[PDB]
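Peer 1: how would this look folded up:
(3 chains, ligands or ions: 4)
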Amino acid sequence: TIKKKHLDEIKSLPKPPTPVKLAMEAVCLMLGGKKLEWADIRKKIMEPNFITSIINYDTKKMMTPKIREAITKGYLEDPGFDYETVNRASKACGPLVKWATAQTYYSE
Amino acid sequence: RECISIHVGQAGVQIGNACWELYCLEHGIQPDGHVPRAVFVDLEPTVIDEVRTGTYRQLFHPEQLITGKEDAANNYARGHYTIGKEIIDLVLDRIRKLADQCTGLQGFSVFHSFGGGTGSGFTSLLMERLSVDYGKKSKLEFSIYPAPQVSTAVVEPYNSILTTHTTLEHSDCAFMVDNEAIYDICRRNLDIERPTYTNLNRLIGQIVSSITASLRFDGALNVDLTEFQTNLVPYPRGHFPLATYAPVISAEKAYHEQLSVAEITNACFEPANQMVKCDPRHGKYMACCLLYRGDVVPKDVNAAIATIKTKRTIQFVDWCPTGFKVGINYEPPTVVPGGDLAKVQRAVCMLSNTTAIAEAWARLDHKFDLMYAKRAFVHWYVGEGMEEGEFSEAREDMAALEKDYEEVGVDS
Amino acid sequence: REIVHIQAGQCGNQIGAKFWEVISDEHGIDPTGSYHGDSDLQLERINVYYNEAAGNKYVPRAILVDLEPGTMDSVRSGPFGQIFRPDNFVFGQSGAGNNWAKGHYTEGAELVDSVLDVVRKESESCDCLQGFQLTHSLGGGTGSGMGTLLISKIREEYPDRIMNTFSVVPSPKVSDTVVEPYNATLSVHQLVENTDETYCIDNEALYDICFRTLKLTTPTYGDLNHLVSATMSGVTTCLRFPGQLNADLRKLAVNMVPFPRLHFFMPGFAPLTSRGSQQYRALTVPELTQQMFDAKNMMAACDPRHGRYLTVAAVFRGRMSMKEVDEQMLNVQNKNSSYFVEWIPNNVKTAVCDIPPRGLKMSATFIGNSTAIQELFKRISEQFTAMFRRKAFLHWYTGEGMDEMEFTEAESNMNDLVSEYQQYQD
Ligand SMILES: CC(=O)O[C@H]1C(=O)[C@@]2(C)[C@H]([C@H](OC(=O)c3ccccc3)[C@]3(O)C[C@H](OC(=O)[C@H](O)[C@@H](NC(=O)c4ccccc4)c4ccccc4)C(C)=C1C3(C)C)[C@]1(OC(C)=O)CO[C@@H]1C[C@@H]2O
Ligand SMILES: Nc1nc2c(ncn2[C@@H]2O[C@H](COP(=O)(O)OP(=O)(O)OP(=O)(O)O)[C@@H](O)[C@H]2O)c(=O)[nH]1
Ligand SMILES: Nc1nc2c(ncn2[C@@H]2O[C@H](COP(=O)(O)OP(=O)(O)O)[C@@H](O)[C@H]2O)c(=O)[nH]1
Ligand SMILES: [Mg+2]
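Peer 2: Residues are numbered from 1 along each chain as shown, chains lettered A, B, ... in the order given. Ligands and ions are numbered 1, 2, ... in the order given. Now the structure:
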């Protein structure tokens, strides 16, 4: 699957570029990380479930009401949250942006 | 009137050690006399603590020295940005705080080594801030720049480019002296196989002593700091002269030492004694300040330059009809009593911006790319963050430098 | 900066006794002890290792983790022994279990939180935290397993701060454990992600070095442990000591590691002469350089000939010329252009420290990064599959409540980790 090279790059970074971190918070947030905090994310970030778990997302598992709207809210709408700037952030992230507007949009 | 120096980085500190140490000898202000010009700043506590424990303990005020328990890191990223920021507030407040008291500061001669995270990184912002704030002031930076082969740090070329890039607009004039380059002076000229870092710093000690100490000290020619940039630098970058000392002659072994003005001045030009790797292969000489202390007769000087001008291997750039700035200081160079130094009656220091550095920058520049393409260590940098970002964008900027340097010479 | 030591696993603990054995002396601490310290200086930095409860008492700040009561007890009952704070020991009577699986999941898991409690307490203690040290063996259930797990929580809790590792990578020729592929592979799997800096030591390599390099007829474990303790001390404590050019851990991390793997290094001590005759007094510089660089006297199994260096860091501690040290290296570099590796312009990171190992004049620790190690990794994995495919031992693990996939995953990760190394090599 996705090469590790991308993953560690973000993680090891003691303090990631802020919007990246914010993005990670967002993505983790899509994951629904309860914790604000880094560390809880951090150990989460490297975990055996993590590597696959992102890659395949069971639709049923994801829950519409809260989860749908925040993402839908225009976090994307955000003034620079969205695809283009984020895409600058990484090669890796880029395929993800497509994912955001994707099956999720189509089915729903 | 006065200038305040700041020493940063461990290395800048260790020079910081030297620069003051030489000073005290000259002035004759023993261990416990007046109060220092300058402050020292290091992210790594131990080294500064060396100052704290070590020689000239009382002389500095603890207010003067700035430190952090926190980690230096050998990388531009933390030192500049991340760890970086926290210290600066204290730093700047210090400089202003010091600045306030003095009357009519000419500017600060900041010392740093290219050279490391705190030397890079941390300093780069520091000068960065200065330009806005002080602005009117003249900002020279004294740098020690990576030995061509030698460089200790793995990371190093990453640091330097960013440092040079960032500071470049900011600094009025920056002096660069090469570590291994000096070594050759040691090896051949004094013949020390041994020499420690302390030795080199002593050497720089002497050279610096001319620029700040002696010049400000009244003397026949009297050169200002401001003149330094004005005469020295053709152009809005930033330009980095090299610094040379004729009298390097070994203390014990050989006593020609009465080498009158003609010979001593003559000594510098030869590529050997640059304290820079540069060894002007092609290099054109835009401009020089020669500052002499000792017994000099200006006729002796004036004649001396004239012959030099003519020999025409030297080949100055066309656009400068002439660019020789004589400076004469009454009082002879002062040699640190024991250790190495020759203690010549008269000495020459001469700085210049030469085309030659373009060679150095290119080499320096080359180092950067090799790692960079693989991208190397960068993950460390990005983590400190830093972004792809600064590296490449900076990379281009200094690339501009190479063009800039090249264009200046080689064409008429 | 402060550093906290970790001892996990018997090997684990055994080395820990030695490590502190030297270190205590290096600092000048007697068993309950205080700073008898010949010099003043040693006193100042000490804080990295120790906390100041008594004023007399500086007690090393580190934790002992071991299912085996016997191992720990001997250490307590042993010489230095008493020095440790009893709190430090985190123990579990439960069967040590050879199983990595036992250590990690089943047996280890319960203890770990208890373990973590203290780690934090030491962590919390004061000043700033450089990071943690680790010793253990890939080894066994306690050595790996728990220890490998322990780092995991450490990684999470304080990501910023650095972990260096010492692992006794399984000795090639005859493995001191039957299980050897299983425990080792999975354990390294954790580190490669987890610990930012790792050091490997190999026993036979120690034997080889001890036996040739030192006249020493009868290597004892206490010997190998002792020599090993030698390198790390140069690494950690030395730089805490002043130096004209002194790196610290982060310098070691930054300069040394090109890529995120954290990679693994092989320690190598500068002085290694017999008691005895060998005392040449050819320390000068170059003799040191020759020693470390040379193929043997490399702590880990692999030989640099094989063999290219991503990075080298030499922390010399002793008063030597900057001129010679820096200059000498270059010739080494030029001389061995083939292996060094072209891209990174100045391979060697040089650290100089003023003060030598308290007995001796001039020594450099040699640390760092080479492609060669990859050869080592193949060994473990190669054993791994031969074992794995047949699955001989496995039931113990799985009965313990381990996954089939887990085995496969661990191997491949380290396995391809080997693959990563080669890429640079070419
Ligand atoms: C009379 C004299 O000069 O004796 C020397 C000596 O003969 C030699 C042979 C020592 C000796 O070391 C060994 O024989 C040895 C035994 C087991 C494993 C490894 C080495 C020595 O035992 C070791 C001892 O080392 C130290 O004192 C260092 O500070 C060292 N200390 C320890 O390892 C240590 C040992 C016991 C208890 C506590 C600490 C050290 C090195 C690096 C970082 C920190 C500390 C020294 C110089 C000597 C003796 C005493 C004979 C040598 O080793 C070291 C590490 O210095 C072996 O080759 C070197 C060259 C030395 O000259
Ligand atoms: N002339 C001279 N050069 C020095 C001295 N100390 C260090 N250097 C050189 O400067 C560079 C070393 O920088 P470091 O000491 O690693 O780092 P630093 O710039 O102090 O800052 P950090 O990386 O954060 O520690 C190398 O190129 C050394 O050769 C010194 O006392 N004199
Ligand atoms: N250098 C060294 N290796 C050791 C020591 N003790 C055990 N080992 C090595 O560790 C491996 C065995 O693992 P072990 O430490 O018994 O595992 P655990 O105790 O169950 O965690 C073998 O490869 C041994 O050579 C020691 O004191 N020093
Ligand atoms: Mg430093």
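Peer 1: any idea which element the residue in chain B that ligand 2 sits nearest to lies in?
Peer 2: With CB to the nearest ligand atom as the measure, residue B:116 is the residue of chain B nearest to ligand 2, at 2.1 Å. All C-beta atoms are positioned from the backbone trio N, CA, C, and that covers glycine. Under the assignment given by DSSP states H and E, residue B:116 is not contained in any helix or strand.
Peer 1: Which residue is the nearest non-sequential neighbour of residue C:81?
Peer 2: Nearest residue to residue C:81, sequence neighbours excluded (CB to CB, 6 or more residues apart in numbering or on different chains): residue C:75, at 6.2 Å.
Peer 1: What degree of burial does the one you found show, as a neighbour count?
Peer 2: For residue C:75, the count of nearby residues is 24 (other CB atoms under 10 Å in any protein chain shown).
Peer 1: Repeat that for residue C:389.
Peer 2: As a burial measure, residue C:389 scores 8 neighbours (other CB under 10 Å).
Peer 1: quick check: domain ranges of chain C?
Peer 2: Using CATH domains of a matching chain, the domain parsing of chain C gives C:1-258, C:259-372, C:373-426.
Peer 1: Keeping just the C-alphas, turn stretch B:370-389 into CSV.
Peer 2: Extracted in CSV, the C-alpha atoms of stretch B:370-389 (Å, rounded to 0.1, in the frame of the first residue of the first chain):
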residue,chain,number,x,y,z
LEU,B,370,23.7,16.8,-3.6
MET,B,371,22.0,16.1,-0.3
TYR,B,372,18.9,18.0,-1.2
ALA,B,373,17.9,16.1,-4.3
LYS,B,374,18.0,12.9,-2.2
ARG,B,375,16.6,15.3,0.3
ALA,B,376,18.5,13.7,3.0
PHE,B,377,18.2,15.1,6.5
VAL,B,378,15.5,17.4,5.4
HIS,B,379,12.9,15.4,7.3
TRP,B,380,14.5,16.8,10.4
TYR,B,381,14.1,20.3,9.1
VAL,B,382,10.6,19.9,7.9
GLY,B,383,9.8,18.6,11.3
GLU,B,384,10.9,21.8,12.8
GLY,B,385,9.0,23.2,9.9
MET,B,386,10.4,24.8,7.8
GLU,B,387,8.9,23.6,4.6
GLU,B,388,10.0,22.3,1.2
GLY,B,389,9.5,25.7,0.9
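Peer 1: can you list the residues that contact that stretch?
Peer 2: When contacts are defined by CB atoms under 8 Å, 6 or more residues apart in numbering or on different chains, stretch B:370-389 is touched by residues A:8-9, A:12-18, A:20, B:73, B:75-78, B:81-83, B:154-155, B:157-158, B:391-392, B:395, C:253-255, C:257-260, C:342-345.
Peer 1: what about it and ligand 2, any contact?
Peer 2: No: Stretch B:370-389 does not reach ligand 2 (CB under 6 Å from any ligand atom); its nearest approach is 11.8 Å.
Peer 1: buried residues in that stretch?
Peer 2: Using 16 or more other CB atoms under 10 Å in any protein chain shown as the test for burial, stretch B:370-389 gives B:371-372, B:376-387.
Peer 1: where along chain A do the helices fall?
Peer 2: For chain A, applying DSSP state H gives helices covering A:4-12, A:18-31, A:38-45, A:48-55, A:64-72, A:83-89, A:93-100, A:103-107.
Peer 1: Name the residue closest to the centre of the chain, please.
Peer 2: You didn't pick a chain, so chain A it is. Centroid-nearest residue in chain A: residue A:27, 2.4 Å away (criterion: CA atoms, centre = their mean).
Peer 1: I was thinking of chain C, sorry if that wasn't clear
Peer 2: Central residue of chain C (CA atoms, centre = their mean): residue C:166, 2.3 Å from the mean position.
Peer 1: Please report phi then psi for it.
Peer 2: Main-chain dihedrals, residue C:166, degrees, to the nearest 10: phi -130, psi 130.
Peer 1: Surely it touches residue C:202?
Peer 2: No: in this structure residue C:166 lies outside contact range of residue C:202 using CB atoms under 8 Å: 11.1 Å.
Peer 1: I figured residue C:89 was touching residue C:64, is that so?
Peer 2: Yes: the pair residue C:89 / residue C:64 is scored as a contact, 4.8 Å apart, by CB under 8 Å.
Peer 1: Pick out whichever of these two has more residues nearby.
Peer 2: residue C:64 (24 against 19).
Peer 1: Make sure that one is indeed in a helix.
Peer 2: No: with DSSP: H, G, I helix; E, B strand; the rest coil as the criterion, residue C:64 is located in strand rather than a helix.
Peer 1: So what pairs up with it in the strands?
Peer 2: Counting by DSSP bridges, residue C:64 forms beta bridges with residue C:7, residue C:89.
Peer 1: what about it, distance to chain A?
Peer 2: 24 Å (CB to the nearest CB, to the nearest Å).
Peer 1: Now do the same contact list for that residue.
Peer 2: C:7, C:13, C:16, C:72, C:75, C:84, C:88-91.
Peer 1: Give me the distance between it and residue C:134.
Peer 2: Computed as CB to CB, to the nearest Å, the residue C:64 to residue C:134 distance reads 12 Å.
Peer 1: same question, residue A:11
Peer 2: 20 Å.
Peer 1: next one: residue B:104
Peer 2: Taking CB to CB, one finds residue B:104 at 58 Å from residue C:134.
Peer 1: which one is the residue in the stretch 251-400 of chain B that chain C sits nearest to nearest to, not counting chain neighbours?
Peer 2: Per CB to the nearest CB, residue B:367 is where the stretch 251-400 of chain B lies closest to chain C, at 4.4 Å. Closest residue in space to residue B:367, ignoring its immediate chain neighbours: residue B:157 at 3.7 Å, by CB to CB, 6+ apart.
Peer 1: and if you look at residue B:201?
Peer 2: Using CB to CB, 6+ apart and skipping the chain neighbours, the partner closest in space to residue B:201 is residue B:18 (3.4 Å).
Peer 1: Ok, residue A:83 next?
Peer 2: That would be residue A:97: by CB to CB, 6+ apart, it lies 4.0 Å from residue A:83.
Peer 1: quick one: the helices in the stretch 151-300 of chain C?
Peer 2: C:180-194, C:203-208, C:221-233, C:239-240, C:249-256, C:286-293 (DSSP state H, counting those that start in this stretch).
Peer 1: before we move on, what about the stretch 201-350 of chain B?
Peer 2: B:215-216, B:225-232, B:261-269, B:298-311.
Peer 1: can you redo those as JSON lines with mean neighbour count and distance to ligand 2?
Peer 2: Output for the helices of the stretch 201-350 of chain B, formatted as JSON lines (neighbours: other CB atoms under 10 Å in any protein chain shown; distance: least, CB to the nearest ligand atom, whole Å):
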{"stretch": "helix B:215-216", "mean neighbour count": "20", "distance to ligand 2": "22"}
{"stretch": "helix B:225-232", "mean neighbour count": "19", "distance to ligand 2": "21"}
{"stretch": "helix B:261-269", "mean neighbour count": "20", "distance to ligand 2": "19"}
{"stretch": "helix B:298-311", "mean neighbour count": "14", "distance to ligand 2": "28"}
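Peer 1: between the ones you listed, which gets nearest to residue B:178?
Peer 2: Distance to residue B:178, taken as CB to CB, is lowest for helix B:261-269 among the helices of the stretch 201-350 of chain B, at 15.0 Å.
Peer 1: and the residue nearest to residue B:201, what is it in contact with?
Peer 2: B:198, B:201-202, B:204-205.
Peer 1: What helix or strand is it located in?
Peer 2: Going by DSSP H and E, residue B:18 is part of helix B:9-27.
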